[PDB]
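**Q** First portion of the complex, with coordinates as positioned in the assembly:
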Amino acid sequence: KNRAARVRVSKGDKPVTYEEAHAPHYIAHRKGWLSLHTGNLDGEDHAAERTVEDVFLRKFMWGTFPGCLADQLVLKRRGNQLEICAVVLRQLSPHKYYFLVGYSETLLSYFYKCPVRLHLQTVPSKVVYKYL
Amino acid sequence: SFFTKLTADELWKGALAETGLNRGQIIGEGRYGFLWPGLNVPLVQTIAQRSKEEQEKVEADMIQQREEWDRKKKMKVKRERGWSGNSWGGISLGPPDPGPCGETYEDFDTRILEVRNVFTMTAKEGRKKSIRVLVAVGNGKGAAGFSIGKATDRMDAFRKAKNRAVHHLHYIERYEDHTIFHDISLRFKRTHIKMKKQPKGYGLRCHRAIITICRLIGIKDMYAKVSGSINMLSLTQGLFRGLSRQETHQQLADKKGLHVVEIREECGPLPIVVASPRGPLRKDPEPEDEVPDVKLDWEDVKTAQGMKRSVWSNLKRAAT
């Protein structure tokens, strides 16, 4: 059986989000992409280092906003304006939130050498598309 | 390589193998201890870093707090014993779950009587376990009943059994709210239950299931001997059959048209009227059938004549 990105059915008590619920055959039929970088089009050079930096961003922001990122991020990349739009929860204090925003806001700018911008989007509870 | 690291949710899924732990941390605590201004310490505007003494004392407090945490995991919970430890037979599940019909069962006690691991064979899986449980519910005022719950999980079976028995209750009539009206001999299938009405203070000298059931019913003093097959799911059913098919004193008085009167040896020759007919009184006296044709029990006659020699019979046991 195919076991790639398919959360199996439990007993009907398993909260799950649109992203996790959809399987890889819906990857742009129903889901779309979580990272919008241009390198995977027909003619371009640097797609490999874009992905190497992509997995880095996913894991840095995962370990730097500890246990508050509701679902996964949207690493869009237009011009030299990398963007880390988020869906972060409403549990930690806003001064801590603004702090980790600033810390990231400048640290990825000095790691990747371009404008990096985080536009958080606070949400009360981790969303549920269906209970599996 | 930070690139080859992974989420903890994924590390444990592999460590436990249950498909065939970071909570004590503040948001900026570092080994180096560079206590920041947005994390840990609040937002005078002065960056700083604690010293070798404050670090060691704080991390010592943290490791001790871990130790007390493994203590609050490794306490002991006290389970009351039912009929033995590692059994389920006297275990009191709580009150039955409140009815969704705006209802409540709070004066009702549920006690298990039998837990069995029950299996069937499937074409794909093979041996498939299903827990089968029997529970009895009672408020000590006459209303009691039993039911079977079956599930794959024991908690689900318990819930099904008790929430079904409250809908399948009986009503047992009691003499003076302590004993049964008469002596009941009943054979249900291949289980023989023989119960005797007994005076006050006799205690519940019955089979342990009968003791739990009669504590849920409110019967305090009775003798009971079971013979034949001791199946629990025939024992409870025969017990409830006999106790719900008792004949009371007022029904006997109404059926015969005569006074039902008592003669205790404790009071004396004094007649104590317990039930008079609610209609007319029959004036032909009861026929004194000399040498009555009644089927007697050889165990009762053996005990009467003193030829019942057992090293097990009248043993000094605990209360009820």
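**A** Alright, I've got the coordinates. Numbering: from 1, shown residues only, chains lettered A, B, ... in the order given.
**Q** closest point of chain A to chain B, which residue?
**A** For chain A and chain B, the shortest gap (Cβ to the nearest Cβ) falls at residue A:99, measuring 3.3 Å. The C-beta positions use only the backbone N, C-alpha and C, and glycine is treated the same way.
**Q** Now do the SS call for residue A:29.
**A** Under DSSP: H, G, I helix; E, B strand; the rest coil, residue A:29 falls in the helix class.
**Q** where does chain B come near chain A, residue by residue?
**A** With Cβ under 8 Å from any Cβ of the partner chain as the criterion, chain B comes near chain A at residues B:2, B:3, B:5, B:7, B:22, B:25, B:27, B:38, B:39, B:43.
**Q** Restricting to C-alpha, output stretch B:121-139 in CSV.
**A** The C-alpha atoms that make up stretch B:121-139 are tabulated as CSV, following Å, rounded to 0.1, in the frame of the first residue of the first chain:
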residue,chain,number,x,y,z
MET,B,121,-12.1,-16.5,14.1
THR,B,122,-11.9,-14.1,11.1
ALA,B,123,-10.8,-15.0,7.5
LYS,B,124,-8.3,-12.1,7.5
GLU,B,125,-7.3,-11.4,11.1
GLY,B,126,-7.7,-14.8,12.8
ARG,B,127,-8.3,-14.8,16.6
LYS,B,128,-10.2,-11.5,17.3
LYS,B,129,-10.5,-10.6,21.0
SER,B,130,-13.8,-9.1,22.3
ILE,B,131,-14.2,-8.3,26.0
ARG,B,132,-17.5,-9.6,27.3
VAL,B,133,-18.6,-8.2,30.7
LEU,B,134,-21.6,-8.7,33.0
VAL,B,135,-22.5,-5.9,35.4
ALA,B,136,-25.3,-5.3,37.9
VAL,B,137,-26.7,-2.0,38.9
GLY,B,138,-28.7,-1.3,42.1
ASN,B,139,-29.9,1.4,44.5
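**Q** please slot chain C in as well:
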Amino acid sequence: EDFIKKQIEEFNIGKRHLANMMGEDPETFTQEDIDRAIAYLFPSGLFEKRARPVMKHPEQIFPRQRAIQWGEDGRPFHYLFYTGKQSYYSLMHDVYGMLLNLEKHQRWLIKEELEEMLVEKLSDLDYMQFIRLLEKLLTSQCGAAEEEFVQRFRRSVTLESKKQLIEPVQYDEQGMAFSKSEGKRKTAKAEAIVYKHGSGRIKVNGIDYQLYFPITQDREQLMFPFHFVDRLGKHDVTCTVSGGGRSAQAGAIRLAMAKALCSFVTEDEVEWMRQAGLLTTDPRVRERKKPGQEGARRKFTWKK
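**A** Adding chain C to what we have so far:
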């Protein structure tokens, strides 16, 4: 429900806000223009036309929530409540009653459509019995009232038409008359120009049919429409052709000449040659090899 009411309010206010950001601030922003505005506003790029964003009245978005069937007395409203199928059994009772009183005097709905009108789940045999009683009522000589009953249950058909689309005659060039049709078969394309008179001549990519088609099978393919319509040496052609192979090009030409000669032959005979099978495209195209096979349907060696 209060949910439905505030969703409605929010659509109305958001629809007016939608015409502001665009430019149709005058009050009448239609649903087509709404779909147009959201398309542009946030580009989709998702294959499922339901997985894309949307802005409809909550009515169509949220489903039909059935009303409460009993007030604050208990006392359910419909008399056939304890059947659990009030609407269906009321309809069956009514249809039986109209059959009865009509006997004293003297396409069809799909199951999902009937369930939508009744707002109740239905068995297939329940649907079958309903349709049977309704057919009993039309077969029986019924009046205009029971006619409007049968016709509110019967729906549309949407018949199509299978007459070949005739190309207009282009009276052009210097003063000649032609029709310029197209044909396609197995990655081959053929645009053909057929003049009404001219007694026979093809110019497939500049040369004649005996030069572009050395194979007599190809020449037979080029004969085919004329020899069917008995106009062999009575018109003349010129064809441009790209792609394919020696037989695909000839088939594309054959289709193009037939679909151009349609304008020069009568409508009964264009129907006749459509029946003969010269006016329909051939959908037989090469398939795809599959990963783990040795061809499109061909597999490898041993599998059992």
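**Q** List the neighbouring strands of the host helix or strand of residue A:83 plus their orientation.
**A** Take DSSP states H and E as the rule and residue A:83 turns out to sit in strand A:81-85. Here strand A:81-85 has these sheet partners by DSSP bridges: strand A:74-78 (antiparallel), strand A:116-117 (parallel).
**Q** can you give me the strands in chain A?
**A** A:15-16, A:35-36, A:74-78, A:81-85, A:116-117, A:130-131 (DSSP state E).
**Q** Mind putting those strands into a markdown table with mean neighbour count and distance to residue C:15?
**A** Listed next are the strands of chain A as a markdown table, based on neighbours: other Cβ atoms under 10 Å in any protein chain shown; distance: least, Cβ to Cβ, whole Å:
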| stretch | mean neighbour count | distance to residue C:15 |
| --- | --- | --- |
| strand A:15-16 | 15 | 33 |
| strand A:35-36 | 14 | 30 |
| strand A:74-78 | 16 | 28 |
| strand A:81-85 | 17 | 27 |
| strand A:116-117 | 18 | 32 |
| strand A:130-131 | 12 | 30 |
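**Q** What ranges does the chain have for its helices?
**A** By default, I'm working from chain A. Taking DSSP state H to define them, one finds helices in chain A at A:18-21, A:47-64, A:94-112.
**Q** I was after chain C.
**A** C:2-21, C:31-41, C:58-61, C:86-105, C:111-118, C:124-139, C:144-153, C:209-212, C:216-229, C:248-261, C:267-276.
**Q** Then the stretch 151-300 of chain B?
**A** B:154-165, B:208-217, B:232-244, B:249-256, B:298-305 (DSSP state H, counting those that start in this stretch).
**Q** include chain D too:
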Amino acid sequence: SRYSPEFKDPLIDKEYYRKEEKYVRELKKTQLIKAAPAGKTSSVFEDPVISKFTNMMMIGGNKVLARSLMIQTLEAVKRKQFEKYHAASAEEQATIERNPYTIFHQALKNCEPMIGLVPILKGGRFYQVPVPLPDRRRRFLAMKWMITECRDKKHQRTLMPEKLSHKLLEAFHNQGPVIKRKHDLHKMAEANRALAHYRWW
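**A** Okay, here's chain D dropped in alongside the others:
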């Protein structure tokens, strides 16, 4: 199949298409029709038997080489029969026939079998049981026997038109290996005239 099941068969017949079955005509003008294959043609030089023999002679998709080995055979037939009328005699001539189409057709009709053998399993042993063959099966059998008796490999350097012309003139004159093997099938069925009771159909 790339056609939907509602796609119908096209029919190509001039004598039909000129004028009971009126409802069939109206229904056919209301059905979808599918495309016509390349092999069929509104000519009346064609014989479907001839095209079927060409398709069965085809090796690996070479209809070119197939029709070639067919047109050369037909020519060579006409040449020899024409030599015949030429070298013949007052009466002999009127008897000799030279249409390469009738000679092929009638040689096939003399080649076709009327009975067949089916292997039937009974009691472990296999038995050869006589059976009525269908018309399609016996026509296919005649054609396939002709093609295999051309590719027998006992012809050495002989070219395919020479092989098929010689074999087919022999078959028209009711001699040769194809008539011999039809007679052999018939004679074996006779050996097996009782085992026919093994049939259940």
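**Q** C-alpha coordinates for the strand holding residue A:83, PDB please?
**A** The C-alpha trace of strand A:81-85 is given here as PDB (Å, rounded to 0.1, in the frame of the first residue of the first chain):
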ATOM      1  CA  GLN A  81      12.000  39.200  -0.900                       C
ATOM      2  CA  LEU A  82      11.800  35.800   0.800                       C
ATOM      3  CA  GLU A  83       8.600  35.600   2.900                       C
ATOM      4  CA  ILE A  84       7.800  33.300   5.800                       C
ATOM      5  CA  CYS A  85       4.000  33.700   6.200                       C
END
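**Q** Centre of the chain to that strand, how far?
**A** 10 Å (Cα atoms, centre = their mean, to the nearest Å).
**Q** Could you do stretch D:66-80 as well?
**A** For stretch D:66-80, the distance to the chain centre is 16 Å (Cα atoms, centre = their mean).
**Q** So for it, what gets flagged as buried?
**A** D:66, D:67, D:69, D:70, D:72, D:73, D:74, D:76, D:77 (16 or more other Cβ atoms under 10 Å in any protein chain shown).
**Q** what angle separates the strand holding residue A:83 from helix A:94-112?
**A** With axes from the mean of the first three to the mean of the last three Cα atoms, to 10 degrees defining the directions, strand A:81-85 sits at 150 degrees from helix A:94-112.
**Q** Take the buried residues of stretch D:66-80 and keep only those in helices.
**A** Short answer: those in helices (DSSP H) are D:66, D:67, D:69, D:70, D:72, D:73, D:74, D:76, D:77.
**Q** Just send the buried residues of stretch D:66-80 back as CSV, with distance to chain C too.
**A** Shown next, in CSV, are those (distance: Cβ to the nearest Cβ, whole Å):
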residue, distance to chain C
D:66, 10
D:67, 7
D:69, 14
D:70, 11
D:72, 13
D:73, 16
D:74, 13
D:76, 18
D:77, 19
